[PDB]
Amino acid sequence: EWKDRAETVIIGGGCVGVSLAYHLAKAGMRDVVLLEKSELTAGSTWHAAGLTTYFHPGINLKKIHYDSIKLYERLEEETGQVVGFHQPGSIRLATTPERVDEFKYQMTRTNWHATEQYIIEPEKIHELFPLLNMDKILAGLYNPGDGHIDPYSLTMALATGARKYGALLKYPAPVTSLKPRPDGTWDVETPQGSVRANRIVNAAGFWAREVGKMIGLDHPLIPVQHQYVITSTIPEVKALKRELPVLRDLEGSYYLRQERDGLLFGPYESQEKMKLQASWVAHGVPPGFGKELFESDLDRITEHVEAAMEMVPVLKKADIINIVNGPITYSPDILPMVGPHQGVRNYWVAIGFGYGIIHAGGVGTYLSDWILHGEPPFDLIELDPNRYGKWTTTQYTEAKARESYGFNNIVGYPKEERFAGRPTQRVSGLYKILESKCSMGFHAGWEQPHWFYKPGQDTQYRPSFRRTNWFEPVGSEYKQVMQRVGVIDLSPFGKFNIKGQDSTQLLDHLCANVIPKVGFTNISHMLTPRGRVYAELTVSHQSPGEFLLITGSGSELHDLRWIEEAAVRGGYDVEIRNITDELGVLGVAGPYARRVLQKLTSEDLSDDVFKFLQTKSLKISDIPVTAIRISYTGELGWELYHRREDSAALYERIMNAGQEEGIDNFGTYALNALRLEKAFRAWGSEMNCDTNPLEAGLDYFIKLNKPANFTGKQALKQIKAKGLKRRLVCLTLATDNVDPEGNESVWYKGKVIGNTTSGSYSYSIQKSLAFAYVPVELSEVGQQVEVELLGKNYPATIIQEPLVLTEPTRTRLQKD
């Protein structure tokens, strides 16, 4: 049994590779072929503790956990094969009041999902885990119906399923080489023979980086070491009739579960103490590594062993049977890379799983859907393989992975900041100047100003679930923009140059707005065939046939990949250049923006010559610039596109020329306060692959009646005719000392009916603003709802948008 032709080749037979093979086969894909080096489970999969919880600290990753567990419950019936899925429930423990607040944070984030999750009192915790030291226990975060599974049995069951639905699993059959073909397909080489695949999928665990390099890519992955300790039989544990639920001791930084009639616990030790396989990056994985472990090192986890011994006293007397030290393939931010890869044809990845056992199931069905449908079934850009780039070096990867390990169980605050591996090489000379004058935020390698320091006010990273040290400074920056004139570093924007004969036709088919006339810029959306908002851009028509597309920092390669695929798919004759790192951008915005800038250029910046949304090349003080009259602040302003090496000089000259006007800096936190007042939607919060543009309120940018048949046009017609079920609305609410940031539950009459997507304090009205999705019948202006913030429901009112009109809209009523 050998197939030389395959629809999809999956490289790697860990839980992830097998799960995917199963889903694709079951979903009806013919000639699915999986190639495994040695045997199924030979990588990290066989050694794992097998914890599978409904809990995730994120958002749509809850779906992945949800689908995994639901699958795992049904595999034994479906395949006729046991999986040893224990489901006593999981409890994360709170021993400080700040950790109780974290649970409240996580509850409002979880109440608008199907995932079942509660905060429980000590009494209840003690009932479920009677061997727990209750001295310090304040609360538990409890997910009933989950637990842990046997990684081997799971993978074996998934393999029988895959085989039952038509998949072919070959091993030993290592992939030794990979050659792309001009038609976009692949020749795959193994010792057993050649497969010509329409697409290939990397699922090769801690060999994923090596497989990537067969096709000239560098996957930012480093294998880390992780240990758990298995205890001998304990009388008090054997005596119990029901299994103990899975714990996490957050302050002690270890997970703990029942294993037979003993216990099993695995620490996440300090980032200073953890160990990883730097040698395996430099030299690759030792060949003949497989089905094997590293030497135990109890000494480096002692601090956490002791915290466990005191928290579960019974450990004190138990003996240790075994210690499992093995490798996990980490990416820098601890999350995997799951999706199709930019800059090559028909290569997909499902790699770098810190938590592969829990993610395998959901990721299989997710990737299957994306592969079969040409768009993801829900948004998981947080796992986009191309959120990383050239900046994500081996040195950055190593240091960030180390930090992500040691940070496994720290308190997760909103607006969290991490400093390992920073700054990357992805900076301009402007970084040296402004680093001491603000809190720099991390954005795909860039250092971007969040908020600026004020004399006689605390500057330090001071994270909180409530308002903190940046609150008043952000208010001043807000004033700065409304009253005077602010300067902001917008350099992180993804920037693409499109030209060639079919430039216009390509864009007209990609985007749902009309293509602007030369000299003009407009806001435009790339929709998926289902009519989901894959991206929000601005399109500048700079010279005939030649365009500049701008998108958010987090959307750079994500968007480029989509655009490049449409170009190749439709045989479009174009040249596409990623110029993200060649150019810097400065936003100058506020009433005195024209005044200040005019001083520095012979170009006429009067409202007469330079209309809103025009784009023009000029010089700002002998520095060449492409200036667009636009601002996501909604106030009068320009964005100044220039060479990266000119950012420092340009900035200097602008701040100098704005002396009179009391020019100053502003950052992204303030920007968010401004755009929200103007009712501007942000991609990733108000819309993404989970939303169509009509429910999100982007009607103004969607031209259904333009001749060209743009992607998603028909789905939109059909959606509109059917009538909307929900609508994005803008909410106001008085709060004590906490602002919505998005992802919070919206309640009405004792039931959750929707969620906030983003938020901010509005300094103009002295109330919190938020965007939220609610059912159409409750989307009327004036409607009262409640927003759940940090354990309290605050009443909220839907308001007429926008709260504040944009400067161009204000200027237009002056005449009228």
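From 1 onward, residues are counted along the sequence shown.
Asks: Averaging C-alpha B-factors over each stretch, which comes out higher, 697-705 or 405-413?
Replies: In the deposited entry, the stretch with the higher C-alpha B-factor mean is 697-705.
Asks: Averaging only over Cα atoms, indicate whether 414-422 or 180-188 has the higher B-factor in the PDB entry.
Replies: It is 180-188 that shows the higher mean C-alpha B-factor.
Asks: Highest CA temperature factor in the entry: which of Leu93, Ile628, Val285, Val596?
Replies: It is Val285.
Asks: Can you pull the Cα B-factors for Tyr255, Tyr461, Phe289, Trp470 from the entry and say which is highest?
Replies: Within the set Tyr255, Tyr461, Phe289, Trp470, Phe289 shows the top C-alpha B-factor.
Asks: According to the PDB entry, is the CA B factor of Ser44 in the bottom, middle or top third of its chain, that is, lowest, middle or highest?
Replies: It falls in the bottom third of the chain.
Asks: Sort the modelled residues of this chain by their C-alpha B factor and say whether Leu803 lands in the lowest, middle or highest third.
Replies: Highest third - that is where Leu803 ends up once the chain's C-alpha B-factors are sorted.
Asks: Would you mind checking where the Cα B-factor of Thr53 ranks among the modelled residues of its chain, as the lowest, middle or highest third?
Replies: For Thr53, whose C-alpha B-factor we compare with every modelled residue in the chain, the answer is the lowest third.
Asks: Which third of the chain does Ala360 land in by C-alpha B-factor: lowest, middle or highest?
Replies: Answer is lowest: the recorded C-alpha B-factor places it there.
Asks: Would you mind ranking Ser779 by its C-alpha B-factor against the rest of the chain and naming the third, lowest, middle or highest?
Replies: Answer is highest: the recorded C-alpha B-factor places it there.
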